[PDB]
Participant: 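Got a structure for you, written out below as structure tokens; questions coming shortly.
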Amino acid sequence: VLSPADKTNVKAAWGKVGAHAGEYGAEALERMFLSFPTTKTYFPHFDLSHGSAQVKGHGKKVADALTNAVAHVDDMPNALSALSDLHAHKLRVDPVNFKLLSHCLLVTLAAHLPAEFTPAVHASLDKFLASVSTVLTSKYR
Amino acid sequence: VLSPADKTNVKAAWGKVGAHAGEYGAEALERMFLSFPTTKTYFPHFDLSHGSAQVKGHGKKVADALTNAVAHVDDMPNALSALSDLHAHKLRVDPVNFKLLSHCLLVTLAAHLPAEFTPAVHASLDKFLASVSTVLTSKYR
Amino acid sequence: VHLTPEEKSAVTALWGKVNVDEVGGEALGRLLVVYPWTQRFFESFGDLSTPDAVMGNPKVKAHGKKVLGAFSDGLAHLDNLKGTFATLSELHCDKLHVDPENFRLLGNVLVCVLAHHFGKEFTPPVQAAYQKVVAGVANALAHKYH
Amino acid sequence: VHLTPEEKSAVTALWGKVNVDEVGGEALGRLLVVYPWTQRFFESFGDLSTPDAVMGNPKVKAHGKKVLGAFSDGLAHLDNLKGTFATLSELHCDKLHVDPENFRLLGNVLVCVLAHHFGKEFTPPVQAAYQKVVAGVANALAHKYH
Ligand code: HEM
Ligand code: HEM
Ligand code: HEM
Ligand code: HEM
């Protein structure tokens, strides 16, 4: 559960991300596939090579989904309902994998925005990604 | 996130507890303290012996809190805010302990309500307790 | 896993009353229903679309028999769970890449199924002894991760 | 933990730039801020009431230095982490009863701190090597649980 201050921290931080959202999403995916090779089993037909245009395209989708979630932080289940059905119903993603991607997103943000990645913002972002993860791993139709 | 079916299942199943609230809550606590002795560390001055009146009294509070959660299942963070501040802010209970108590609550319900504890209701109760646990382990003021 | 002789006796006596043909399937079935992502490991098992379909699925019942058999094998040699489960650990960890939290989940689902079947006989001390067993089995299954 | 020669070289190169007086405290402090239940284990450390209080707490900084030292030692003993960390495992598991998921959290907070400090140098292959290291350390600390 996010505090009011958490929501403000997340909106401010993700705002600073801005037009780099796509690049960062791709980098987080690459970090995940390399650091946690078991996660690749969910993308068996993907070109997962470094610089993959397919991974770059998917990173932009992941980032745009997060931007949507930030915009609907008070109403995430309704906003993310289609994505939840995809990940929890169709793909049946083990919840551990969301912890792994969430971590790689934090690492990516830390590497690119060190001034912004204060301990308070780090805390709020971790909670936000945990909340997103809970929605995407839940079947609630 | 709970589905409409989850909420229906939980309301029906938990509704059968009734005047056995104290008994079932106490049994779940006793199961936890015995099976997972590390959890006793949070109750340093309690009488945790078998049949303890103090555990019986605490079981009633836990069960009544779950009744409260059911009656506010669509708006739980606001309904449980006092309990969140107790468990997350004051007591700093490690989240793993909520998985342990939740499991012991399921065991207790399975042992007492054989007709109710179908696979579907089991699933809904597990999600419900996980949701309650997330609220009680979050700081969101 | 070290059980007291009293705990081993309690565990052994209860297990003697466990239906070899059904309880494994009930536990595996409930794993698939309660933690749906686990269904991803059982694509070839056919219809898992609803709770009733899962619990009635012939392949779930048959596979559950093997799972119970492995718990049974664990019970027979509590002082050598790692040796007993070595091949199974290779399979679940190195081949299938099952996240080990799921081993804990299945053990706890089994405990729920025992409580469901035996009611008041599944006392807190009997449970505590079974929790030692299922933790030992999960740890042995996860040995290749350690 | 086995590292390729390329991974070993990259891990060592990055670690040589680590400020040993500060990074441990930053990692421990962020653990306490991001995962606040971990503060229960450090009740004697004084003011932990705000992120600023945590990060500026002298006892957090001093203790972080010891934690970083353990990671540094681990880097020199990657083939014998269970041996090297045996005393620490007994302390954290048998005496303190720290749930082992918290070991994983601290390792990943450390990775975040390295990313913060070194930016473009903390490439995805460098991260992957460090994830092997912190997983090995968490596993060795948790050995008494296995
Ligand atoms: C922050 C967490 C996540 C977000 C925001 C997210 C978002 C998305 C989005 C937007 C799509 C595209 C859906 C579409 O346009 O049809 C997608 C697809 C997908 N996701 Fe995720 N996702 C997350 C976590 C994960 C994780 C942890 C995994 C597995 C390790 C995963 C596996 C997949 C797969 C396999 C697809 C389909 C890829 C394909 O086209 O074959 N997702 N996700
Ligand atoms: C479904 C999960 C839980 C519920 C509904 C719950 C509910 C409650 C309630 C209603 C109280 C009394 C509040 C008051 O006196 O105003 C309480 C107190 C307390 N709870 Fe829980 N609790 C849960 C999980 C846990 C767990 C997992 C632990 C630790 C293992 C824990 C440790 C405590 C402690 C230490 C107290 C205070 C006891 C005292 O010193 O008086 N709770 N809880
Ligand atoms: C925790 C205790 C567990 C025990 C005792 C157990 C036991 C077994 C046994 C005896 C087999 C058959 C081995 C063989 O035929 O050679 C098996 C296979 C398998 N297990 Fe488990 N298992 C456990 C947990 C899990 C979990 C949690 C999952 C997935 C979430 C899983 C996924 C599988 C799969 C996919 C197979 C192969 C099925 C096939 O033949 O297609 N296991 N297990
Ligand atoms: C995962 C990597 C970790 C490493 C490398 C590590 C390392 C250490 C070291 C070197 C010490 C000092 C031992 C001594 O003085 O004899 C220590 C003490 C301690 N550790 Fe950790 N630790 C880790 C994780 C954790 C976690 C997650 C917690 C959770 C709270 C924790 C709680 C403690 C406590 C309470 C002490 C004693 C502090 C005191 O003296 O009051 N440790 N640890």
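Just follow the structure's listing: the first ligand is 1, and inside any ligand the first atom is 1. Heavy atoms only: backbone and side chains are in, while hydrogens, waters and symmetry mates are out. So you know, we letter chains A, B, ... as the sequences are listed, proteins then strands, and number each from 1.
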Participant: Only N/O/S atoms count here: what is the atom of C/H92 closest to atom 21 (Fe) of ligand 3 called?
Facilitator: NE2
Participant: Nearest protein heavy atom to atom 28 (C) of ligand 1, by residue and atom, and its distance?
Facilitator: A/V93 CG1, 3.9 Å
Participant: Looking only at non-hydrogen atoms, which of A/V96, A/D64, A/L66, A/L86 approaches atom 13 (C) of ligand 1 most closely?
Facilitator: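 That would be A/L86.
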Participant: Of C/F41, C/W37, C/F45, C/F71, which has the heavy atom at the shortest distance from atom 39 (C) of ligand 3?
Facilitator: C/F45
Participant: Apply salt bridge (charged side-chain N to carboxylate O under 4.0 Å, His left out) to C/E90 and C/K144, showing your working.
Facilitator: CA-CA 6 Å; C/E90 175 88 15; C/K144 289 305 300 294; 3.0 Å; yes
Participant: Could you list which atoms of ligand 3 come closer than 4.0 Å to a heavy atom of C/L96?
Facilitator: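 So the atoms of ligand 3 that pass are 33 (C), 34 (C), 35 (C), 36 (C).
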Participant: Return the residue, atom name and 0.1 Å-rounded distance of the protein heavy atom closest to atom 9 (C) of ligand 4.
Facilitator: D/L88 CD2, 3.7 Å
Participant: Can you tell me which residue and heavy atom of the protein come closest to atom 35 (C) of ligand 1, and the distance to 0.1 Å?
Facilitator: A/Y42 O, 3.1 Å
Participant: Among protein heavy atoms, which lies nearest atom 10 (C) of ligand 1, and at what distance?
Facilitator: A/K61 O, 3.4 Å
Participant: Quick one: nearest non-hydrogen protein atom to atom 4 (C) of ligand 4, plus distance?
Facilitator: D/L141 CD1, 3.7 Å
Participant: Can you list the atoms of ligand 3 that are under 4.0 Å from a heavy atom of C/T38?
Facilitator: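 Listed by number with element: 30 (C).
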Participant: What residue and heavy atom of the protein are closest to atom 34 (C) of ligand 1, and at what distance?
Facilitator: A/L91 CD1, 3.4 Å
Participant: Where the closest heavy atom to atom 16 (O) of ligand 3 is concerned, which of C/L91, C/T87, C/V67 has it?
Facilitator: C/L91
Participant: Give a yes/no answer: is there an N/O/S atom of A/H58 under 2.8 Å from atom 21 (Fe) of ligand 1?
Facilitator: no
Participant: Do any heavy atoms of A/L129 fall under 4.0 Å from ligand 1?
Facilitator: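 It does not; every heavy atom stays at 4.0 Å or beyond.
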Participant: Nearest to atom 21 (Fe) of ligand 1, which N, O or S atom of A/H87 do we find?
Facilitator: NE2
Participant: Report yes or no: does a heavy atom of C/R40 sit under 4.0 Å from some atom of ligand 3?
Facilitator: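 For ligand 3, residue contact (heavy atoms, under 4.0 Å) with C/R40 is absent.
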